[PDB]
Every structure is written in structure tokens, then in C-alpha cells.
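The structure appears right after this line, and notes come after that.
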Number of protein chains: 4
Amino acid sequence: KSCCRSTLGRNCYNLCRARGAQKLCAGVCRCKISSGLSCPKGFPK
Amino acid sequence: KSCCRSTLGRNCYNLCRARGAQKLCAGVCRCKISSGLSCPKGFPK
Amino acid sequence: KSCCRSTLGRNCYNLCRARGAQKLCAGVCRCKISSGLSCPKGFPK
Amino acid sequence: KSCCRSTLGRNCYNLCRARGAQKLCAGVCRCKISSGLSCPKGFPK
């Protein structure tokens, strides 16, 4: 699950995923990919 | 498939999965993850 | 995709999968697991 | 996601996948498998 720092981080992320992989986009937009089903408090978006 | 020892093991497991991975939670709640589609007799819940 | 030699191979396979993994069951029931979406002519069931 | 050079590349690809794996077919039909959700401009089909 993709968890982001901000809404801007979300856009950037949803839009990167068209062309890029999960990890490339995660790193580029400043988003995290968790194991659980819930998104951390620091990456709500 | 996640198989648990007790109902308490289930709660603990369903609630751990928000934040934690499969294996961390499996170990912590005293649940097992099988290959088949059916849950062992010892881990029904 | 699970492809079997006979209907008996299918039963044995669908019933093994409750308790066992894919490969254990494949080998035990005399079924094959293909990459494609179509099942070989020799393993129709 | 499977992206192809031409419609012919698509047919060849959809029809190979019955019997063959992803990568074998990708290579044989002259199609690419991307990470993103969007297909490159050079492999639209």
C-alpha cells in the first residue's frame, strides 16, 4: 500500500505509476509502501 | 491463508495487519499461514 | 493453471489443495501447472 | 502490462499466452511488459 506525505505526493504518485514502477515512484514522490493494510500517521495521503 | 489458535488470535491478527506484515503478525498472534485453501484443525480460527 | 491427466486427477487435486500447496498436489495427483492460460492437450482436465 | 508494436503484435501475443509464458510471448511477438499502468508511446497496442 502506497502512503504519501501530502496530497501533492499523491498526485505525483498516481501520475508516475502510469509510466514508472512502484519503488521508483515511491522514492520520487516521497511516498512509502507498507506491508500492512493501514497507512502510517506520517503518510496518510 | 491465516489460521489461528483462538478467536483472540484472530482479533490480534486482523488488527496487527493494519500496521504489520503477514509473517510478523502470524508470529506475534500465534497464527499460521498455510499454502492450501483449508485451515488446519489446530488453527481453525 | 492446473492441468490434469484425468478427472480422477482433478478431484485428487481440488481436494489436496485444501491442505497442500500447488506443487505438492501437482506432483501427487499427476497434474501440471502451466504459464499460459490454456491447458495442454495431454492435461485437459 | 503487455504493450505491443502493432495489432498483429497483439493477436500474436493474446494467442501465444494460451500456451506460453509472459516473457516468451513478449519476445516472440515483439511486445514489452511494463511496470507502470500506462503503455509506452512506441508500444500502444
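Numbering starts at 1 and runs along the chain as displayed.
So how was this one determined? The header says X-ray crystallography, 2.5 Å.
Each Cβ is built from the backbone N, Cα and C atoms, and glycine gets one as well.
When the candidates D:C12, D:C16 are compared with Swiss-Prot, only one is recorded as disulfide-bonded to D:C25, and it is D:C16. For the disulfide-bonded residues D:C3, D:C4, D:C12, D:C31, a Cα to Cα distance of within 10 angstroms from D:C25 (disulfide bond) holds for D:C12, D:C31. If you take the C-beta of D:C39 (disulfide bond) and look for same-chain residues 6 or more apart in sequence within under 8 angstroms, you find D:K1, D:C3. Counting only the Cα atoms, the space from D:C29 (disulfide bond) to D:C16 (disulfide bond) is about 8 angstrom. Shown in sequence order, D:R10, D:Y13, D:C29, D:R30, D:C31, D:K32, D:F43, D:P44, D:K45 are the residues of the chain, 6+ apart in sequence, with a C-beta less than 8 angstroms from the C-beta of D:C4 (disulfide bond).
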